[PDB]
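Have a look at the structure below, then the notes.
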Amino acid sequence: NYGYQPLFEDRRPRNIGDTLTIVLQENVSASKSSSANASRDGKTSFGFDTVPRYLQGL
Amino acid sequence: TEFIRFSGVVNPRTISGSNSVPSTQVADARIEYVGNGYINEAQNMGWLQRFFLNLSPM
Ligand SMILES: CCCCCCCCCCCCCCCC(=O)O[C@H](CCCCCCCCCCC)CC(=O)N[C@H]1[C@@H](OP(=O)(O)O)O[C@H](CO[C@@H]2O[C@H](CO)[C@@H](OP(=O)(O)O)[C@H](OC(=O)C[C@@H](CCCCCCCCCCC)OC(=O)CCCCCCCCCCCCC)[C@H]2NC(=O)C[C@@H](CCCCCCCCCCC)OC(=O)CCCCCCCCCCC)[C@@H](O)[C@@H]1OC(=O)C[C@H](O)CCCCCCCCCCC
């Protein structure tokens, strides 16, 4: 090979045949949450158990 | 018998000191570690079990 080569550079790959080292160190994490609620409660009462003579009509 | 074979492309600049280079720095890493004899034969699935694994539902 007659190609020029720098002395002080970091010897990065530059041509087709050059080799490079890859450190994967891949780490991905995704999360998703959702919630919903709805509560309705009702309860009504009414009773005499004793009615006046004048109110017995109703 | 055990055969350990290695193949790859090494950049003649990652070789450090005593003519040693980590396998992680070798491109086209082909590493084989195979064995022979009944010891190796005992680690083969077997024809019927292999067929069931590849074809049997579930
Ligand atoms: C937002 C506001 C808007 C305004 C709303 C207006 C009011 C909106 C309307 C509210 C009133 C509900 C109407 C109920 C009667 C009705 O029409 O709808 C019924 C179906 C229900 C539909 C209602 C959906 C509304 C939908 C909701 C709408 C809401 C908006 C059909 C029906 O009719 N079913 C019917 C049937 O059943 P059956 O199907 O099986 O056959 O027959 C059986 C057997 O009949 C009984 O027999 C008895 C003997 O056996 C006999 O006694 P006896 O003496 O003879 O012995 C006895 O006679 C008697 O009461 C004898 C005598 C009693 C006098 C005692 C003193 C009480 C004073 C009491 C004074 C009241 C004080 C407020 O009378 C009356 O003078 C009644 C008083 C009149 C007051 C007038 C108000 C002046 C304003 C005074 C104002 C005061 C100012 C401070 C006989 N009673 C009857 O006939 C029935 C009827 C005879 C009508 C002739 C009298 C002149 C009416 C003249 C005009 C009336 C017109 C309305 O009386 C009533 O209650 C009428 C009540 C009217 C109140 C309105 C208030 C307006 C405010 C004004 C506001 C604007 C009944 O049981 C059954 O009725 C019952 O069960 C009813 C039960 O009792 C009583 C439960 C009440 C609980 C509250 C409701 C709770 C319900 C809540 C859930 C929905």
Side-chain angles (χ1 to χ4, degrees):
Chain A
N1 66 74
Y2 276 110
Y4 155 79
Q5 296 178 333
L7 287 168
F8 308 115
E9 306 187 42
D10 269 343
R11 78 179 175 98
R12 300 158 183 179
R14 286 191 203 77
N15 297 80
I16 300 282
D18 288 3
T19 56
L20 169 65
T21 296
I22 306 274
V23 179
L24 306 153
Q25 67 172 76
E26 284 276 37
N27 190 338
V28 176
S29 169
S31 206
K32 156 177 69 176
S33 282
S34 290
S35 179
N37 60 357
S39 272
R40 191 173 84 187
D41 274 62
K43 172 201 86 348
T44 64
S45 176
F46 172 61
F48 261 88
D49 308 48
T50 299
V51 190
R53 178 52 90 57
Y54 59 87
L55 273 186
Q56 286 274 346
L58 294 162
Chain B
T1 307
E2 289 171 55
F3 311 84
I4 306 183
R5 27 181 76 103
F6 181 90
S7 175
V9 173
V10 68
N11 165 37
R13 204 156 157 187
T14 63
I15 309 170
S16 74
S18 38
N19 239 15
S20 150
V21 56
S23 82
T24 61
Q25 306 279 313
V26 181
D28 295 18
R30 291 324 173 259
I31 313 166
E32 200 175 8
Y33 184 9
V34 290
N36 273 73
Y38 63 80
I39 288 180
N40 165 71
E41 293 152 22
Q43 285 148 189
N44 283 58
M45 190 140 274
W47 52 280
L48 189 59
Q49 195 173 5
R50 191 92 175 254
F51 289 168
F52 271 128
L53 189 71
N54 298 328
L55 301 148
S56 95
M58 257 153 273

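Chain naming here is simple, since letters A, B, ... match the order of the sequence lines and numbering starts at 1 in each. We use all heavy atoms of the structure for the numbers below, so side chains are in, but hydrogens, waters and symmetry mates are not. In each ligand, atom 1 is the first atom listed, and ligand 1 is the first ligand listed.
Remark: side-chain polar atoms of A/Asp18 are paired, donor with acceptor, to backbone N or O of A/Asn15 under 3.5 angstrom.
Heavy atoms only, all atoms of each residue included: B/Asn44 and B/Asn40 are closest at OD1-O, 3.1 Å.
To the nearest 0.5 Å, the span separating CD on B/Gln25 from CD1 on B/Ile15 amounts to 11.0 Å.
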Check ligand 1 for N or O atoms under 3.5 Å from a protein N or O and list each pair with its distance.
residue: ligand 1; atom: 129 (O); partner: A/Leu58; partner atom: O; Å: 2.8

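The local environment of CZ in B/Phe6 is crowded, with over 12 non-hydrogen atoms from other residues, nucleotides or ligands closer than 6.0 Å. Residue A/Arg12 qualifies as open at atom CZ: its count of foreign heavy atoms under 6.0 Å is 12 or below. Shown here is A/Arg14, whose CZ atom has more than 12 heavy atoms of other residues, nucleotides or ligands within 6.0 Å.
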